[PDB]
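In what follows, a structure is listed as structure tokens, so that the remarks can point back to it.
Chains as they are written, first to last, in PDB author numbering: chain L, 67 to 427; chain H, 49 to 77, 95 to 108, 141 to 234; chain M, 113 to 174.
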């Protein structure tokens, strides 16, 4: 009799799995009377209740209204609910910015600790002074009487001490980090382009700690003095809307302006204005003091013998960057794979240091 | 007045030509740019409906079974965009799209210079004519 | 407010729908390929991942 006691309890738990599933589908069976409503937004007030609303799902259709809601939330700049057939306003939904993958990146801030590409104290901390100042007390710019600088410029080799600063420095600030790819805003067919980015600033007005990072964009750089382009004439055209955010009604001091480029070529001088771009962080080849903090993280990853001298390897570095430092133990560790040991001799590591200097450029 | 009396038997045969259209009468009324039909009413997975155009872009991972029984609806299903193969129901696939092609017939040219072309033409004959004679070698 | 979402059709028509049990809470993703009814617009067959095309040209050899 006790054999079924434990089984019937599992059957009752299965009945709930055999019940609550279709229970949500039955509400959709009775929902055939109400068709899924389209998209709409209030534009300009016209009559008492009914206003002018253009549906983004098609041509211009002015629908009716319902008394279930009032005109407090019916003002301009809010999403509404319009029926397909009856053509009325059902209820008031909250304004939706469509947080797509390119609208708001699912990857935010980072899972990584402090700079592994860093080690320059003067330049890295120089960026944090124009960031953390408005975050807590913006009382310094009040006595000076100046607008908070958003300018950040990065020029040099991409991906080496340059790209990863976004996923590292901005991750520890505790602010919203939205990755903004240049290949996601192209929109090859009827490009929305910069109009997509305009919808992204809605998070800045809602959430103050918001950081926007443009990742290695040389595409908008060339101004094409000949102007013989085909699809690139729209690019200089869509760039002017991006300049409006640095020009027109939008003034915040929270969202930071960061744009990176490979080379100081024909790049548009207007965006280079000393008001638009301020901090310019070069990617030089510093001494041991600059690469010291990189070697510590570089050492903690590799498990090897406790006898090593990295001071002589600093002089061995010529034209090497944060990415080339990883190459050192990467190639040196390959020689120990067939040796059935994870220990890396200090001379074996220096052999890979010279090997990167041969493949340079 | 040949065309005048040719339509006499053709209009009567147009209904016979319409008899093949009587298979699918939906959506009003083989080289193709991109495969396009209307709703593909005919059509694991059983029915297969895929269309690529400005409206209602479709994709299906499975296939290779008989839903439609050969041609269906807009009659255009098959290779376009690459990436897309409907094979099993007698496909109109890998067919020239809208393009500019120069195709002529019988480019007749007689002999011109045989002076140094004695063994030089033989090298040209070993290109085309050679596999068309004795491929066993 | 309660629970709701927004779905944009491939026909350039954005539709609004309330809480619907035809999809799982883990299946909700931005830019998720799905399909709905021709009129009522109710999610039925969920399309796979990889929005737009796949690696526009391909050669497969095992």
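No residue lacks a Cβ here, since even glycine has one placed at the ideal position from N, Cα and C.
Close-in-space but distant-in-sequence residues of the same chain around residue i (CB under 6 Å, 5 per side omitted)
i                      : result
residue 101 of chain L : 150
residue 269 of chain L : 276
residue 161 of chain L : 144 and 145
residue 108 of chain H : 146 and 164
residue 412 of chain L : 374 and 375
residue 430 of chain L : With chain L covering 67 to 427 only, the question about residue 430 of chain L has no answer from this structure.
residue 423 of chain L : 384
residue 69 of chain L  : none
residue 98 of chain H  : 194 and 195
Contact set for residue i: own chain, Cβ-Cβ below 7 Å, skip 5 residues either direction
i                      : result
residue 101 of chain H : 148, 150, 171 and 173
residue 159 of chain H : 141 and 142
residue 401 of chain L : 414
residue 77 of chain H  : 69
residue 123 of chain L : 104 and 105
residue 274 of chain L : 320
residue 121 of chain L : 104, 105, 106, 127 and 148
residue 427 of chain L : none
residue 398 of chain L : 410, 414, 415, 417 and 418
Residue of the options minimising C-alpha distance to residue i
i                      : options                       : result
residue 188 of chain H : H:229, H:205, H:215 and H:95  : H:95
residue 148 of chain M : M:142, M:138, M:167 and M:159 : M:159
residue 309 of chain L : L:319, L:301 and L:336        : L:336
residue 126 of chain L : L:85, L:142 and L:153         : L:153
residue 163 of chain H : H:215, H:145, H:106 and H:198 : H:145
residue 106 of chain H : H:99, H:97, H:75 and H:177    : H:75
residue 386 of chain L : L:371, L:372, L:360 and L:403 : L:360
residue 241 of chain L : L:207, L:200, L:156 and L:219 : L:200
residue 378 of chain L : L:398, L:406 and L:415        : L:415
residue 316 of chain L : L:95, L:239 and L:213         : L:213
residue 153 of chain M : L:426, L:95, L:281 and L:174  : L:95
residue 174 of chain L : L:278, L:294 and L:324        : L:278
residue 156 of chain H : M:170, M:174, M:165 and M:172 : M:165
residue 282 of chain L : L:426, L:340, L:223 and L:255 : L:223
residue 103 of chain L : M:128, M:156 and M:123        : M:128
residue 388 of chain L : L:203, L:350, L:320 and L:264 : L:350
residue 118 of chain M : L:147, L:139, L:179 and L:99  : L:147
residue 107 of chain L : L:77, L:113, L:142 and L:303  : L:142
residue 72 of chain H  : H:166, H:57, H:61 and H:222   : H:166
residue 17 of chain L  : L:354, L:398, L:204 and L:425 : Coverage of chain L is limited to positions 67 through 427, which leaves residue 17 of chain L absent and any answer about it impossible.
residue 110 of chain L : L:221, L:72, L:403 and L:137  : L:137
residue 124 of chain M : L:314, L:71, L:255 and L:205  : L:255
residue 122 of chain M : M:167, M:169, M:173 and M:144 : M:144
Residue i: CB within 8 Å of a non-hydrogen atom of the ligand MN
i                      : result
residue 372 of chain L : The ligand MN is not among the ligands present in this structure, which contains no ligands whatsoever.
Residues of its chain near residue i, where Cβ-Cβ distance is below 8 Å and the 5 sequence neighbours each way are ignored
i                      : result
residue 291 of chain L : 332
residue 185 of chain H : 160, 161, 162 and 163
residue 191 of chain H : 175 and 176
Taking one C-beta from the region 193-208 of chain L and one from the region 342-354 of chain L each time, how about it: are there three or more such pairs within less than 8 Å? A contact exists between the region 193-208 of chain L and the region 342-354 of chain L.
Taking three-plus beta-carbon pairs below 8 Å as touching, is the region 375-385 of chain L in contact with the region 417-426 of chain L? Of all C-beta pairs linking the region 375-385 of chain L to the region 417-426 of chain L, three or more are shorter than 8 Å, placing the two stretches in contact.
Inter-stretch contact at 8 Å, needing at least 3 Cβ pairs: the region 51-63 of chain H / the region 143-158 of chain H: Result no; under three Cβ-Cβ pairs closer than 8 Å.
With a cut-off of 8 Å, do at least 3 Cβ pairs link the region 222-235 of chain L to the region 256-265 of chain L? The region 222-235 of chain L vs the region 256-265 of chain L: no contact.
Chain-ordered residues of the region 144-173 of chain M with a beta carbon less than 7 Å from chain H: So the list reads 159, 160, 165, 166, 168, 169 and 170, given in the order they occur along the chain.
Which runs of the beta strand (DSSP E) spanning at least 3 residues fall entirely within the region 186-252 of chain L, listed in chain order? The DSSP assignment places 217-221 and 242-246 as complete runs of the beta strand (DSSP E) inside the region 186-252 of chain L, in order along the chain (cut-off: 3 residues).
Any contact of the region 324-333 of chain L with the region 281-299 of chain L, i.e. 3+ C-beta pairs under 8 Å? These segments touch.
Quick test of the definition: if touching needs 3 or more C-beta pairs under 8 Å, does the region 125-132 of chain L touch the region 165-174 of chain L? These segments do not touch.
So, do the region 84-92 of chain L and the region 130-144 of chain M have three or more beta carbon pairs nearer to each other than 8 Å? Cβ pair count under 8 Å is three or more, so yes.
With three or more C-beta pairs closer than 8 Å as the rule, is the region 230-247 of chain L touching the region 171-191 of chain L? In this structure the region 171-191 of chain L touches the region 230-247 of chain L; the number of beta carbon pairs closer than 8 Å is three or more.
Suppose only complete runs of 3+ residues qualify. What are the beta strand (DSSP E) ranges in the region 107-139 of chain L, listed by chain order? List check, beta strand (DSSP E) in window: 118-120.
At what residue ranges does the region 295-352 of chain L contain a whole run of the alpha helix (DSSP H), taking only runs of 4 or more? Entirely contained in the region 295-352 of chain L, the alpha helix (DSSP H) runs reaching 4 residues are, in chain order, 299-311.
Report yes or no: do the region 111-126 of chain L and the region 69-87 of chain L share at least 3 C-beta pairs separated by less than 8 Å? As far as the Cβ criterion goes, the region 111-126 of chain L does not touch the region 69-87 of chain L, which means the pair count is below three.
Indicate whether the contact test is met: 3 or more Cβ pairs, each with one atom in the region 391-409 of chain L and one in the region 361-375 of chain L, closer than 8 Å. Pairwise C-beta distances place the region 391-409 of chain L in contact with the region 361-375 of chain L, as three or more of them are shorter than 8 Å.
Proximal residues, the region 74-105 of chain L versus chain M, C-beta separation under 7 Å: Those residues of the region 74-105 of chain L that come within reach of chain M (Cβ to Cβ, closer than 7 Å) are 90, 91, 94, 98, 101, 102, 103, 104 and 105.
Which residue spans inside the region 68-111 of chain L form an unbroken alpha helix (DSSP H) run of at least 4? Qualifying alpha helix (DSSP H) stretches, in chain order: 69-83 and 86-95.
Residues, ordered as in the chain, of the region 126-144 of chain M that lie near chain L by beta-carbon distance below 9 Å: Listed by position, the residues of the region 126-144 of chain M near chain L (Cβ gap below 9 Å) are 126, 127, 128, 129, 130, 131, 132, 133, 134, 141, 142 and 143.
Interface positions of the region 177-199 of chain H facing chain M (Cβ-Cβ less than 8 Å), listed along the chain: Cβ proximity to chain M below 8 Å picks out 178, 179 and 180 from the region 177-199 of chain H.
Positions along the region 179-195 of chain L whose CB lies within less than 9 Å of some CB in chain M: Here the close residues number zero.
Ordered list of alpha helix (DSSP H) runs contained in the region 176-223 of chain H, each at least 4 residues: If only complete runs of 4 or more residues are kept, the region 176-223 of chain H shows the alpha helix (DSSP H) at 215-222, in order along the chain.
Using a Cβ-Cβ cutoff of 7 Å, what residues of the region 115-134 of chain L are near chain M? List them in chain order. For chain M, the residues of the region 115-134 of chain L that bring a beta carbon within less than 7 Å of one of its beta carbons are 122, 123 and 124, in chain order.
Please list, in chain order, the residues of the region 145-157 of chain H that have any C-beta partner in chain M closer than 7 Å. Those residues of the region 145-157 of chain H that come within reach of chain M (Cβ to Cβ, closer than 7 Å) are 152, 153, 154 and 156.
Just by C-beta distance, which residues in the region 130-162 of chain L are closer than 7 Å to chain M? Of all residues in the region 130-162 of chain L, only 147, 159, 160 and 162 place a beta-carbon less than 7 Å from a beta-carbon of chain M.
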